[PDB]
Amino acid sequence: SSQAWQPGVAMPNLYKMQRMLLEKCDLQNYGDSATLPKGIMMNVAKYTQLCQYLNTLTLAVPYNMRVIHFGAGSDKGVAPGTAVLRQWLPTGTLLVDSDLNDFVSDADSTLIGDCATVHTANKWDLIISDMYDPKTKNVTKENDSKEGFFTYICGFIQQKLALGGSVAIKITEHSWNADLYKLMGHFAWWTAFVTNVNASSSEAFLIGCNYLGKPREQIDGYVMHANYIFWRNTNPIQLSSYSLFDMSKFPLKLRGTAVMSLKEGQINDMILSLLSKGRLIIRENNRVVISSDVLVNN
Amino acid sequence: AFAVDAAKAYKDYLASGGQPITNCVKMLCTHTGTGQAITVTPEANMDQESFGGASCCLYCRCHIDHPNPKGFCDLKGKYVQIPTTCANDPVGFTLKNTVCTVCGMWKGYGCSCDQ
Ligand SMILES: Nc1ncnc2c1ncn2[C@@H]1O[C@H](CSc2ccc(Cl)c(C(=O)O)c2)[C@@H](O)[C@H]1O
Ligand SMILES: [Zn+2]
Ligand SMILES: [Zn+2]
């Protein structure tokens, strides 16, 4: 596999076009581990490879870019993924992160609490989520679409993602949501991306590239998750840390992508085509204001 | 007049043989950077490692106030370069050392302003 020198593997288009039934995920390389560079944590390696893959897509990168990162804490009380995002994003990018549990972070602002308590006045150019509930991994009951934070994420995308913006949302065999797959059809392009360092896990990042705010294609999320598991079940991915050793072209290119305010009636097919090419962001350019709802009781 | 002196407490803990603070966030980078102490992106040279700044700050990590009137942190949101020989204890290194104000390197670990 030439794939071992890539940052990871994206779900091939033909697999997206199938109509598979959902099966249990049984990875050939389950339990194997990549050899990480000395002293480098899995979460730093994983986010580095995610960002290396996002470098290959037509991301909109405006001045004063706005990025929000959900699930950014660790059981060590630090934010390794936020540290990689801050390394990757252009200097001056506004980066906000959040987690249920307290942690210390390099983000410009951090909100502690359930993601459902997070509200923002502004729209965002990029949404990253690593949220995961390990209780979903119950091999003994039916693997149905999950709600919880996925319900929040779906609404947050529809209400607070700028047109032209993108997302990368962690899923696993058991941690997934049908509506989130359906929402992937509201972007110009989408994939499920597996990092080469964590290829022994059913984890992937569901990536929606350039948001259009309306269905471009109709996706059945139950079918699409079955398609994803079928791909993983029949395509073993060789664990690899190779791409971690060449960081010379890591930083996200500062593209100066135009930001315009438009009301829904002026989004014509010419605007939709600029959005689809990563050439336009549609949102206000006012002040970024966030808050966390606090439940007050005795 | 009472103030908790966490810096002294950590130094005394280290000198008594305590294990340094762990889980400082080490970054992947080229190791062909400027080598300056505290930077907006990782700048480790061949002799350094680069770390996320908040994770190397004693006050950030211990959840205590920063020792200045404004409570501002010099590390959070930045990257700190640590000599590889000292990278087992980034918090202790940043606590014990000083940045040269003209060249931006660590005094005694890159600053050549006095030779
Ligand atoms: N509804 C919600 N709102 C806000 N934050 C949320 C959230 N749900 C989860 N998180 C947060 O996401 C982060 C990553 S999840 C995780 C946790 C432990 C392990 Cl051990 C693993 C693993 O197996 O790798 C993965 C966690 O820090 C969690 O606190
Ligand atoms: Zn601090
Ligand atoms: Zn000097």
Side-chain angles (χ1 to χ4, degrees), chain A residues 41-43 45-47 68-82 96-107 110-118 128-137 146-154 156 169-175 177 195 197-198 200-203 205 292-293, chain B residues 6-7 21 24 34-38 51-68 70-78 80 90-91 94-95 97-115:
Chain A
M41 322 164 32
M42 168 61 79
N43 271 340
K46 180 194 302 189
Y47 274 69
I68 187 162
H69 179 207
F70 295 98
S74 70
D75 61 3
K76 294 321 169 342
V78 294
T82 292
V96 168
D97 63 6
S98 189
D99 201 280
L100 191 64
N101 306 308
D102 197 17
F103 65 105
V104 79
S105 166
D106 298 297
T110 296
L111 292 178
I112 304 298
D114 191 84
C115 64
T117 69
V118 170
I128 307 301
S129 168
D130 203 32
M131 292 187 289
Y132 169 71
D133 182 351
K135 305 202 202 83
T136 57
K137 257 54 180 87
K146 304 302 190 299
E147 287 177 86
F149 63 76
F150 283 113
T151 306
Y152 175 79
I153 288 297
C154 287
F156 193 91
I169 310 297
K170 179 199 171 130
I171 61 172
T172 69
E173 159 190 25
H174 289 282
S175 181
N177 173 276
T195 67
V197 292
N198 203 28
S200 56
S201 164
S202 62
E203 168 185 275
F205 290 87
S292 185
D293 280 350
Chain B
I21 289 165
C24 303
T34 69
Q36 293 185 95
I38 300 177
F51 293 86
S55 72
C56 297
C57 171
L58 180 75
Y59 309 104
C60 279
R61 291 296 301 277
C62 293
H63 311 156
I64 62 199
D65 292 340
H66 291 67
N68 56 80
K70 274 251 142 202
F72 164 89
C73 183
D74 284 307
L75 293 165
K76 147 187 186 64
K78 316 276 212 179
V80 60
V91 177
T94 64
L95 217 45
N97 283 279
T98 84
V99 180
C100 169
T101 62
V102 71
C103 74
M105 318 280 299
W106 287 111
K107 296 298 284 174
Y109 295 95
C111 175
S112 64
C113 286
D114 304 318
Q115 53 174 229

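In what follows, chains carry the letters A, B, and so on, assigned in the order in which the sequence lines appear, proteins first and then strands, with residues in each chain numbered from 1. Atoms considered below: every heavy atom in the structure, side chains included; atoms not considered: hydrogens, waters and symmetry mates. Both ligands and their constituent atoms are indexed starting at 1 by order of listing.
Residue, atom and distance of the protein heavy atom nearest to atom 12 (O) of ligand 1 are A/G71 CA, 3.4 Å. Here the heavy atom of the protein found nearest to atom 8 (N) of ligand 1 is A/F149 CD2, 4.0 Å. The protein atom (non-hydrogen) at minimum distance from atom 5 (N) of ligand 1 is A/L100 N, 3.2 Å.
Near A/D114, meaning under 4.0 Å from one of its heavy atoms, ligand 1 places the atoms 1 (N), 2 (C), 3 (N). Each of the following atoms of ligand 1 lies closer than 4.0 Å to a heavy atom of A/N101: 29 (O). Numbered from 1 in the order shown, with element, the atoms of ligand 1 that lie under 4.0 Å from a heavy atom of A/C115 read 1 (N), 3 (N), 4 (C). The A/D130 neighbourhood of ligand 1 comprises atoms 14 (C), 15 (S), with distances under 4.0 Å to a heavy atom of that residue. Contact atoms of ligand 1 toward A/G73: 27 (O) (distance under 4.0 Å to a heavy atom of the residue).
For atom 7 (C) of ligand 1, the nearest non-hydrogen atom from the set A/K76, A/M131, A/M42, A/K170 belongs to A/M131.
One N or O on the side chain of B/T94 and one on the backbone of B/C56 form a donor-acceptor pair closer than 3.5 Å. Remark: the backbone N or O of A/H174 is paired with a side-chain donor or acceptor of A/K146 at under 3.5 angstrom. B/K107 places no side-chain N or O within donor-acceptor distance of the main-chain N or O of B/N97, the cut-off being under 3.5 Å. With hydrogens and angles ignored, the 3.5 Å screen pairs a side-chain donor or acceptor of A/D106 with a backbone N or O of B/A54. Checking side-chain atoms of A/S175 against main-chain N and O of A/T172 turns up no donor-acceptor pair under 3.5 Å. One N or O on the side chain of A/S98 and one on the backbone of A/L111 form a donor-acceptor pair closer than 3.5 Å. Looking only at distances, a side-chain donor or acceptor of B/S55 sits under 3.5 Å from a matching main-chain atom of B/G52.
Of the polar atoms of A/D99, at least one N or O is found under 3.5 Å from an N or O of ligand 1, judged by distance alone.
Annotation: angle subtended at the Zn ion (ligand 2) by B/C60 SG and B/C57 SG is 110°, to 10°. Between the SG atom of B/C111 and the SG atom of B/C103, the angle centred on the Zn ion (ligand 3) amounts to 110° when rounded to 10°.
The aromatic ring centres of A/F70 and A/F156 sit less than 6.0 Å apart.
Protein heavy atoms are absent from the space less than 4.0 angstrom from atom 19 (C) of ligand 1. The protein reaches atom 14 (C) of ligand 1 closely, with a heavy atom under 4.0 angstrom from it. Of the protein's heavy atoms, none falls inside 4.0 Å of atom 24 (O) of ligand 1.
The environment of A/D102 atom CG is dense: over 12 non-hydrogen atoms of other residues, nucleotides or ligands sit within 6.0 angstrom.
With a 4.0 Å heavy-atom cut-off, ligand 1 is reached by the backbone of A/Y132 and by its side chain too.
You'll find the side chain of B/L75 stays beyond 4.5 Å of the side chain of B/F51, heavy atoms only.
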